[PDB]
Structures are given as C-alpha cells and as structure tokens.
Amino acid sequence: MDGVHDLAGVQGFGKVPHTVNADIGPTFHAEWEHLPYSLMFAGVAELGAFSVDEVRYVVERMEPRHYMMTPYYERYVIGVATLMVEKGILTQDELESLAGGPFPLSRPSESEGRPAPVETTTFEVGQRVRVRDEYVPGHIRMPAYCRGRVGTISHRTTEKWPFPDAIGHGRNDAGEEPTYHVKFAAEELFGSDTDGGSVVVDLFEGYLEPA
C-alpha cells in the first residue's frame, strides 16, 4: 500500500528528537501505553483473531491525515480496536459508549490482499536481484524506495514465514517464504541525493527476481 506510512526517503522533516544516550524516560510515559501491545498479543495468541501482519496493515489503513497527527502508541490503540470490530468481536458502538465519546477507526481495506506468489527463485549469497516492479494496494513489506531497484544478496534466512501480502489480510494462502537481506548502494536508491553508503532491506522471496 503506497500510504503515508512509507516514509523512508521523504524530504522536509526536521531533526530527530534525540541526541545520543540522552534520557528517554520510562518505557511507558502514560498509564495506558502498555495496552495496545498487550491487547495485540491477546488478539494474536489468546483469541487467535488476527495476525501481527494484520496489525501492521490496519495501522497503514488509518486515514492519512489521522496517521500523521497520531502518536505511535495511540495508532495501535486505534488499530487493535479496528481489528476487534472488523473481526466481529467488538462493536464501535460499545467502544464509544465505554469511551464516553468518539472513537474513529482505521478505514476499510480496499484490497483483498494477494497469495504467496507461485513462481519464485531461491537466491544465493552474492547474486544480483531486482525488486519486482509491482504495485500492491493492500499490505506489502517492500518500502517503495527499493521497487524496481537492483541489489546483491547478503543473506538468505534459514527460516520461512507467511507472505505478508496474504497473512496481513487474514488469507489462507500465505504459504511460507524465506527472506533475503538485499544490499543496495545508496546511489541506486537516491542518486546523488544521499550521504550514505548502502542500505540493506529484508525482502521476501516473492518480492524479488533475478537481475
């Protein structure tokens, strides 16, 4: 999904609000902040109602201006609540009654997702690969800066996982694929307009093709 959440490479932001080893304060800075992760794991591990990938996608589905003005942990309150309503476990009515006020949720998905691709290749370390020039309106774990670009394999994982573009939609056809550490030169991703050296993206097999 080419949403505002795909922020790498966006220009115009100011300083990162940190200097090295500065005080970051407690793990939680308000008494509710442990609830989004905790209730995510209840949903995943206790209710079996959704996957972690579906949490990433529902946060991607926040209305874009809503995403941009909402603090991190509140985005996950909104996302987990949205999933609980979408999966039939809760209603928005009861959430607003308990909350005492409006509780707008993420927007409905505009894609049913897609299966794990049928034809892929097992790549070896050192091989050159290109990121498939594909547009996916639902969930995908490919930041757009690497779409269509060429890099080299640094690592093939020794484990496999369900394809995000399927399991992020709760589909039954996510299969399993390894992922690859793909090293891109900074100039391949941003031309002259970078001060970096290389960028390594961890890309599912189904996002890649031989160069």
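Numbering starts at 1 and follows the sequence shown.
J.: Read off the CA B-factors in the entry, average them over 121-129 and over 76-84, and name the higher stretch.
T.: Per the PDB record, 121-129.
J.: Can you let me know which of the two, 39-47 or 166-174, has the higher average C-alpha B-factor in the entry?
T.: Looking at the recorded C-alpha B-factors, 39-47 comes out higher on average.
J.: Which has the highest CA B-factor per the PDB entry: 10, 203, 189, 22?
T.: Highest C-alpha B-factor among the listed options: 22.
J.: Based on the deposited C-alpha B factors for this chain, I'd like to know if residue 159 is in the lowest, middle or highest third.
T.: For residue 159, the deposited C-alpha B-factor lands in the middle third.
J.: Which third, lowest, middle or highest, does the C-alpha temperature factor of residue 33 belong to within its own chain?
T.: Middle third.
J.: Compared with the other modelled residues in the chain, in which third is the CA B-factor of residue 146?
T.: For residue 146, whose C-alpha B-factor we compare with every modelled residue in the chain, the answer is the middle third.
J.: Going by the recorded CA B-factors, say which third of the chain residue 208 sits in, lowest, middle or highest.
T.: Middle third by C-alpha B-factor.
J.: Ordered by C-alpha B-factor within the chain, which third holds residue 137? Give me lowest, middle or highest, please.
T.: Answer is middle: the recorded C-alpha B-factor places it there.
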